[PDB]
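K.L.:
when you get a sec, could you give me coordinates for this:
(chains A, B, C and D)
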Amino acid sequence: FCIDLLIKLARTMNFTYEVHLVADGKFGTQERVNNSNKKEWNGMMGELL
Amino acid sequence: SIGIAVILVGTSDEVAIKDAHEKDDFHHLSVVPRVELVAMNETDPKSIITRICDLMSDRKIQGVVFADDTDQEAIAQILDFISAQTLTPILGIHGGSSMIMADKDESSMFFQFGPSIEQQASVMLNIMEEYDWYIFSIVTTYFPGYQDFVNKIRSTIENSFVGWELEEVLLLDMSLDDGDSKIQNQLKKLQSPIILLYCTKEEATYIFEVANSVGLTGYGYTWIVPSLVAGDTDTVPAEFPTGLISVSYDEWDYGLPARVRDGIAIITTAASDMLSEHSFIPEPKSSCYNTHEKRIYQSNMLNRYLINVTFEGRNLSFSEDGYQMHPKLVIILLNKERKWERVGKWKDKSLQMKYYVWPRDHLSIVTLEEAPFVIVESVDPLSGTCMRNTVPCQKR
Amino acid sequence: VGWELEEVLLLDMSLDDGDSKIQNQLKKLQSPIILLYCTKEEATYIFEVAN
Amino acid sequence: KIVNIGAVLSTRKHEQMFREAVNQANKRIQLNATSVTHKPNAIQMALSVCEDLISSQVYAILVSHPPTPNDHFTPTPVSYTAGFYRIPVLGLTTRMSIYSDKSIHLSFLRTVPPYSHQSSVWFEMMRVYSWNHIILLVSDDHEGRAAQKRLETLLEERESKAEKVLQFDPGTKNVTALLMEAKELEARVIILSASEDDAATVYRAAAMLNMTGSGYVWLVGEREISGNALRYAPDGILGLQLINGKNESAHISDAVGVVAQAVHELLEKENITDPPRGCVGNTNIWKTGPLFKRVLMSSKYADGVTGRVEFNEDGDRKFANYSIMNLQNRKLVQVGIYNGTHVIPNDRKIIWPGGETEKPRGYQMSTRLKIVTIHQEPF
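P.N.:
Numbers count the residues shown, from 1 in each chain, chains lettered A, B, ... in the order given. See below for the structure:
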C-alpha cells in the first residue's frame, strides 16, 4: 500500500527515491541511552532526524 | 627532584601548611616533592611576576602553587598569562586565583579549584529535583557567562525524563541609560514560584530593587543564584530576599592547609607518570629573557597527565578549560537574619541535603498504606520522580 | 450569575511612609478586574503603587 | 592638574607622532605623553607596562599592533596589569574577539570592531542578495565560536537557522572530510570564519572537491582574503576589508581625542583620585577606573579620521564601515560599502565563483530522496 502510494507521490512531485528498510526494526519511541543519559529516537524516527 | 613553589599572598596559615609538607608522603610515585614555600602580602602584578620569575631560575621549579585572599579577579588573569609564557603549571587554590575564568590562553597550563557555571547550573536542578520543583523562569543579564548558564539548563531539561516546565528566559540589559522602566516592564511577566537568576552581585541588587519596586521578590517563591551572585557571603547588600539559595564552593570544610596538600599531590602525581611513561623530564629554560625562542621545548605532554589525577580515592581531575571535574560544592541558604548557612553538599552528582522538607497555606498530613485508599510504591526507576497521578510521601 | 469575588482590599492613607504598607496589601492581588473606590487624589497614589 | 594618558606603541617613529597628537589635543587640565615601545618579550612586556605607571601615572593606555604577527599575545599584558587597577586600555589595532567580554578583560576598549562583528555584515549581505540557506565553516577557537555565536542570534530575529555549522580544529591540514559533508547539503552559500592560515587549507580542499565552481557563493571576512589566503582564494569571494584597520596613524588621533573629552569630564567630577603613582606600593582597585571607563564608553568623538568614534557596551567600536571586496582576475576590487546599518553596493558589477556573470541562487534542492520503511503486512 505504501510503496504504491509512494510511487504515485514520486511521479506527481517529480523526485527519485532509494527505499531502505529501518535497521533497528522499530517504529520510534523517545528513549534515553544509559551510556550517555541522552534522549534519542530509535527506529525510523532516529533515521529521519 | 621536582620543586613546587607554594606561593601565599596576604595573611594565611603558612605554618599549618608547612606541617603538611612533611606529612606529604608519595613514595609510591617515587618523586620528591620539593617545596619552595614563600610568603608575601603584595598582590600587585609586578610583585607576583617578579617573585615567580626570580624563583624560576633559582632552582628550576617545574610548577607553581598560588594562594590568595583578595576578592579581585585580576590575579587569575595574570597567573594564566604567566603559565602560558613559562609553560609551568599553576594551581589556583585560594582567593582570586580560584575565580574561574571561562576562557583561558591556548598554551596556558593554569588550573583552578572551582566549579564552572554549567556545574552550578546542574546543581541548581538537583536541589529542584529533591523538592519536586519544576518551574524555572530563568532571569539573566548580559554578563559573558549567561549563555552557558541557559544552555546547560536547557540541555538538561530536554535530555531528561523528569517533567521540567520552563516558563520564561527573561533577559535584561543593564547598559541602558535612564532605562529603569525598560528593565522593569520586562520583569512584569514573572508568574512563577522559582527564578534562576544569573547576574553580577551589583546587578543583582538592581534587579532585586526593581523586583522590590514590584514587591514580588519573595513571599512563597524561591530564588536560586550561583556563587557569583552571592559573592562574599560575609556581606549582604540587604536587598537579597530571605531564602536565597546559592551553590557555593566549599570554603568552610575544605580549608587552605588541606587544599595545599591536594594541590601539591596533583602536580607530583601527574609528573610521576610523565617521567615513567614517556621517559621525559620537564626541564625548560626557566629564564624570562627572549621568550620567543623558548617555545621550541614543549611541556604539553604533562597537560594530559594533570588533567587526570587521582589522590586518596578522590578524582582530583581538572577539565580541559582548567576547572575541576568533581568539585566539593555545598549549598548555602539565607537564614532568618542576614547570614548564609549551609543546607547541603554536592559530590559526584549526589546531593546530601540536611533538610528533609524545605521550610518557608502549608500543612503536614499523615497517611497509612492500606487498600486502594493509599498505596505506596518506590520512586519511578525510569523517570526518577513520582509517576503520573502520584504524589510523594516521606517515611521515617 | 456566577460571580467570583477574589478579595476586598482596604487601604489606609494616614500612615506616614506607608508606601510599603499599601504595597504589601496590593501584593496579594491577582484578578482580571479591580473595582477601585477612592478619592481622585488617592487614586493616583494607588495607581502609582500599582505602577 | 596634570593628567597622563600615555600609550604603549611599537614602531618608535609612531611614538614621536603620537606625542605630537597629544600636543594638538590640548588646544581643543594638562596632558603628557610617555609613549613606550613594545617589548618583544612577553613577560618583560607586562613588567615594562607597570614600571612606567610609577613615573608616568597614567589614566588610560593605548596599545597598537607591533610588527610581530602574533596579534594575540601583544595586547594581553597591557589589559591585565591595567585591569587590576581598572585603568582603561584602548585596542588601537587589535581585532580579536576575546577582548569583548567584561569578565576576563574588565578594563579594555577597542577603537576597531573585532573579527566577529563581520557576521552583522553577512546578515545584510544575505538579505541584499536574498540568501537564506547558508553553511558556516567556523573554527573551534574562541574567534571562530564568537563569529558563529553572534550569527545565529541575528538569524533568530529573522526566525531562520543556518543549514549547517560545521567546525574544524585550528591548525588542521586534513579537511576534505569536513567539506564533503558540506557538499551533500542543499545550501550553496558558504560562510567561512577561519584564520589567515586556515583559509588556505579550506580553499585548497574546496578546489579539489569542485566546490569553487558555478552556483557557489563564498562569504569571507578580512582574515581569509589577505596574505597567504589571497593566493589560494577562489575567484568571486565576497571578502571584506576595514577602511583603516591597518592604519595606526588615523586611530591614534581618534583615541587621544576620545579620551581627552572624557578626561575633561573626569576632571570636572568628584572622587577623581590620582593614578597609582606606582606599581608595588598600592594593592587596591583604583576607584576612578570604573568611573572613567563608564563615561569613556559613552564619550563618542563627534568625528575623526576614521569617522565618528563610538563604543559598544562591550567596548567594541560601533558603526564602522566595511568595504566589500570581490576577487576578479586575482585582484581585490571594490564592490560596495557597508553603511554601518545597511549594505550599499557600488555600480561595479560582481563576478561570482565559476565566472558566472549573474547572481547564483545559492540553494539547490535534492531531487533524490532516501526513504525508510518498516515491514508491515498489508502496507
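K.L.:
for residue B:16, give its distance to residue B:256.
P.N.:
8 Å (C-beta to C-beta, to the nearest Å). For every residue, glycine as well, the C-beta is placed using N, CA and C.
K.L.:
the more surrounded of these two?
P.N.:
residue B:256 (19 against 13; other C-beta atoms under 10 Å in any protein chain shown).
K.L.:
need the contact list for the residue of the stretch 101-250 of chain B found nearest chain C.
P.N.:
Per C-beta to the nearest C-beta, residue B:215 is where the stretch 101-250 of chain B lies closest to chain C, at 4.8 Å. With contact set as C-beta atoms under 8 Å, 6 or more residues apart in numbering or on different chains, residue B:215 has these partners: C:23, C:24, C:26, C:27.
K.L.:
and residue B:322, by the same measure?
P.N.:
Here residue B:322 is in contact with B:92, B:100, B:101, B:104, B:108, B:110, B:111, B:112 (C-beta under 8 Å, 6+ apart).
K.L.:
so the fifth one sits against residue B:80, correct?
P.N.:
What it means is residue B:108. Yes: counting by C-beta atoms under 8 Å, residue B:108 sits close enough to residue B:80 to count as a contact (4.8 Å).
K.L.:
higher neighbour count, these two?
P.N.:
Under the criterion of other C-beta under 10 Å, the comparison of residue B:108 against residue B:80 puts residue B:80 first, with 26 against 22.
K.L.:
in helices, which of the contacts of residue B:215 appear?
P.N.:
Mapping the contacts of residue B:215 onto helices (DSSP state H) picks out C:23, C:24, C:26, C:27.
K.L.:
where do the strands sit along the stretch 251-379 of chain D?
P.N.:
D:310-311, D:317-318, D:322-328, D:331-338, D:343-345, D:368-373 (DSSP state E, counting those that start in this stretch).
K.L.:
closest to residue D:123 out of those?
P.N.:
strand D:343-345 (9.4 Å; C-beta to C-beta).
K.L.:
what residues sit buried inside stretch D:267-278?
P.N.:
D:272, D:275, D:276 (16 or more other C-beta atoms under 10 Å in any protein chain shown).
K.L.:
if you skip the residues just before and after it, what's nearest to the second one?
P.N.:
In space, residue D:275 comes closest to residue D:57 once its chain neighbours are excluded; the distance is 4.2 Å by C-beta to C-beta, 6 or more residues apart in numbering or on different chains.
K.L.:
so what's the residue count around the one you found?
P.N.:
Neighbour tally, residue D:57, other C-beta under 10 Å: 18.
K.L.:
kindly report the same for residue B:5.
P.N.:
Using other C-beta under 10 Å, residue B:5 has 23 neighbouring residues.
K.L.:
likewise for residue B:336?
P.N.:
Around residue B:336 there are 9 residues (other C-beta under 10 Å).
K.L.:
do the same with residue A:21
P.N.:
Around residue A:21 there are 12 residues (other C-beta under 10 Å).
K.L.:
distance of it from residue D:375?
P.N.:
7 Å.
K.L.:
so which bits of chain B are right by chain A?
P.N.:
B:158, B:159, B:160, B:161 (C-beta under 8 Å from any C-beta of the partner chain).
K.L.:
then the stretch 251-379 of chain D?
P.N.:
So far as C-beta under 8 Å from any C-beta goes, the stretch 251-379 of chain D lies against chain A at D:367, D:368, D:369, D:370, D:371, D:372, D:373, D:374, D:375, D:376, D:378, D:379.
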